[PDB]
Amino acid sequence: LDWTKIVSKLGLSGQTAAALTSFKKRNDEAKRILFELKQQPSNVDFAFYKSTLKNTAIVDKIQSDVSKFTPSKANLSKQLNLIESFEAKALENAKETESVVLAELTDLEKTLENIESXXXXXXXXXXXXXXXXXXXXXXXXXXXX
Amino acid sequence: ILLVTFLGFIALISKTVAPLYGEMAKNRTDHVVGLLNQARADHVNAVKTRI
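Positions along each chain are numbered from 1 by the written sequence. They may not match the entry numbering, and residues without coordinates are not shown. All chains are assigned letters beginning with A, and all ligands numbers beginning with 1, in the order in which they are written. Only some chains of a larger assembly appear here, and every value describes just that portion. Computation of side-chain values: all heavy atoms of the structure, hydrogens and water removed. Residues with missing side-chain atoms are left out of burial classes, side-chain pairs and their counts.

The record lists cryo-EM as the method behind this PDB entry and 7.8 Å as its resolution.

Structure (C-alpha cells):
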C-alpha cells in the first residue's frame, strides 16, 4: 500500500514531485469526506410535521417527493482519460525494461565470470567485456545527469 | 685488476637484483593492484546502476 514506496517511485528527476503531491492530497481528502458524512439517506420526520403545519396536505406532499429520487452531481466512466494512459505508460516503462534492464543483468554476469577466469584465450574475451563495463560506468553517470 | 673487477661486480649485481625487483612493485606490480581496485569500483557502480 506504498508513503515509503509511493514517494520514492520517481526517478532522478524532480519533475514528478508536483504530480505525486497532488494525487496524495486528493486521495486523503476523498476518504475523509465519506467518513465524516452520514452513510444513510435522511430522517424526514413526517409524523410530527403533518400535524404541526398550518397548511393542510403540506408536509405530506413534500415527504413523498423527497423519498423518491432526485438529481445529484455524479458522472459516468465514459471519460476514461486516466485508464487509457495507464496502458500506454507501461509500454514505455514496464515493457521497456525487458530489453534495457534485462540486458544489463546478462552482460554483468558474463563479464564477472570472464574476468575471474582459460588463460590467454579467456583474457581475449575478458578484454572485450572490460571495454563494455567501462562504457557502462560512463553511461551510468550520464543517465543520472 | 681483472679478477678484482669481476668479484666486485658480482656482489653489486646481487644487491641490484633485489633493488630492481623491489622498485618494480611500485610500477609493474602496482598496475595489477590499481587495475583490480578500478575493476572492483566499476563492478559496484555497475551493480548500483542496474539495481
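**Some details on the overall build of chain A**
To keep things clear, this is the line we draw: Labels follow the DSSP assignment, with helices taken as runs of H or I lasting at least four residues and strands as runs of E lasting at least two, numbered in each case from the N terminus. As defined in this context, the radius of gyration uses C-alpha atoms, and a globule is described by 2.2 Å times the residue total to the power 0.38.
For chain A, the helix and strand inventory stands at five helices and zero strands. The order of α-helices and β-strands along chain A, N terminus first, is α-α-α-α-α. Relative to the globule expectation of 15 Å for 145 residues, the C-alpha radius of gyration of chain A, 32 Å, shows a markedly less compact shape. Overall, chain A is about 110 × 25 × 25 Å in size when its C-alpha atoms are taken along their principal axes.

**As for the overall build of chain B**
Secondary structure assignment for chain B yields two helices and zero strands. Against the compact-globule benchmark of 10 Å for 51 residues, chain B has a radius of gyration of 22 Å, which places it well outside the compact range. Principal axes of the C-alpha set define a box for chain B whose edges measure 75 × 10 × 10 Å.

**Side note on unusual backbone geometry**
Residue and element names in this part refer to chain A. Despite not being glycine, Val-44 has its phi angle at roughly 55°, a positive value. Take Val-44: it is sitting in the loop between α1 (17-36) and α2 (59-66). The phi dihedral of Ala-57 is positive, around 55°, even though this residue is not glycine. The residue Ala-57 is located in the loop between α1 and α2 in this model.

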